[PDB]
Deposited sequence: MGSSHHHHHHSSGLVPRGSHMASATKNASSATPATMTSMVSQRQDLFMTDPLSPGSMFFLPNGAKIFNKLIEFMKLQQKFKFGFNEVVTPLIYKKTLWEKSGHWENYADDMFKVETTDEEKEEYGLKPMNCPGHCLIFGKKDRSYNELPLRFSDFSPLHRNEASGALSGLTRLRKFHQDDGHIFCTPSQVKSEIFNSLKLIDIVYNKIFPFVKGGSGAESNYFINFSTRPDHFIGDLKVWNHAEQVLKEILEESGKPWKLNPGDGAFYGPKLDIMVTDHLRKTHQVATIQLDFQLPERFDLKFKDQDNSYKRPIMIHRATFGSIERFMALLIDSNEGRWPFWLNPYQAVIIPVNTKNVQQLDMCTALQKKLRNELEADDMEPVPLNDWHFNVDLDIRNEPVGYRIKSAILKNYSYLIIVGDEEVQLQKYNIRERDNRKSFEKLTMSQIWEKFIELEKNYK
């Protein structure tokens, strides 16, 4: 029994199976949230923070991992693929993005060059370390790599902090006291020179102090390629978890011999910034469950609304419920050829017509954590209005029409509420 077990059971979110341990199954309801969080992050990355999404391979030749230093300094966590050339299943996206950078000639005008990647990653974690969605063998990162110049680093990290603030302080609050930063310094197994490393830590520390973010030193817990700014979120058992991370990399550009044409018409190395906001879609989703206990916001809820007729055998009530569900689900027939258009609204509304008392079905709804409960009795049929209430306030009853509820549910998603 873990951090997400009860809610996963109750809402049919995920599934494990001993034929692929450490990897897990997103059931239809669980996948909706997975896709919604990604959809959110893509919008922020593409239309506000200037990222360009790429899709990269999963397996690469051993020779690549030897460049990046993963093959030696990350051998404990890397899966190896075989069919006389040996391959590695990627635990990270960075080398693939380095190949992208080095494929063409790069101008200083292209910088900062930002790539994002939602590829599934594989890390051979120890069987004991495995735990729920927080630590998996397979997972997806909202990964991003920024190639920039020395004068662009400070502003790029601040931008990454802004997106982090929107996520952890505005959209998914768990102002301040939502997270603190671990200043993770040079580990025991590292690549590169100490001169470079000390410079890297100076730069990062200096930026860390301008941000004014709560922080503490986490000595010898950086990456083998660079020092990190690890966003730490605390759960209900007062245990911290690393989610978002900002990593300063002077090493991989040299390892891959990356270069760009600068203003002085000379070739210099780009500076590489590793960053993710969720960290992984899985772990971040696990920490949401730990805090909301299944009580999702409307825009994220797999159970957005349930319509409950008082008398399940009353045809008048049923027509009224059936109509609203059709309206809110907004779904076409497989009979014709009319395709589902883009940017249209579809809501996860259900219909409880089990032959059980209305009170039992309402209690059943609140247990499943439906964001809204819509009840239809005779008074509703007469008024042609639906008695809609909020999940977390049983005195939020109001009578709206089919149109009003439709427009209400839209204003909720356009406000991320």
Coordinate gaps, deposited numbering = 1 to 33, 117 to 120, 212 to 217
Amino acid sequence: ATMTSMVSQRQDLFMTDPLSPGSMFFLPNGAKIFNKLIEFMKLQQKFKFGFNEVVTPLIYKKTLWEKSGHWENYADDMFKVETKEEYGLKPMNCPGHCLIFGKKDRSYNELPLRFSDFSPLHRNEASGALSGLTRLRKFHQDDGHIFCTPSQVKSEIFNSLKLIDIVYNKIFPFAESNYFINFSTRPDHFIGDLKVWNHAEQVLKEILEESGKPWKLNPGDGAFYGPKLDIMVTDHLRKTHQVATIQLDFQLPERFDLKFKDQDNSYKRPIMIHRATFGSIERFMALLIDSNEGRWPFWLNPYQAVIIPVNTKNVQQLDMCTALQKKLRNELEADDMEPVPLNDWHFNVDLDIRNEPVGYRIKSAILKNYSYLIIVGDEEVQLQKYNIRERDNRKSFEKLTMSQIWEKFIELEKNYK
From here on, numbers count along this sequence of modelled residues.
Determine if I308 is unmodelled in a third or more of the other PDB entries compared for this protein.
-> no
For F174, does the count of other compared entries lacking it reach at least a third?
-> yes
Can you tell me which stretch has the higher mean Cα B-factor, 325 to 333 or 161 to 169?
-> 325 to 333
Quick one: say whether 298 to 306 or 190 to 198 has the higher mean Cα B-factor in the deposited entry.
-> 190 to 198
Have a look at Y74, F278, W215, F118 and flag the one whose Cα has the highest B-factor in the entry.
-> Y74
From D319, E85, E282, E210, the top C-alpha temperature factor is at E85
Quick one: classify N393 as lowest, middle or highest third of the chain based on its Cα B-factor.
-> highest
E293: CA temperature factor from the record, placed by chain third, in the middle
Sorting the chain's modelled residues by C-alpha B-factor and splitting them into thirds places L258 in the highest
Hey, what third does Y360 fall into on Cα B-factor, ranked over its chain?
-> middle
Once the chain's modelled residues are ordered by C-alpha B factor and cut into thirds, is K67 in the lowest, middle or highest one?
-> highest
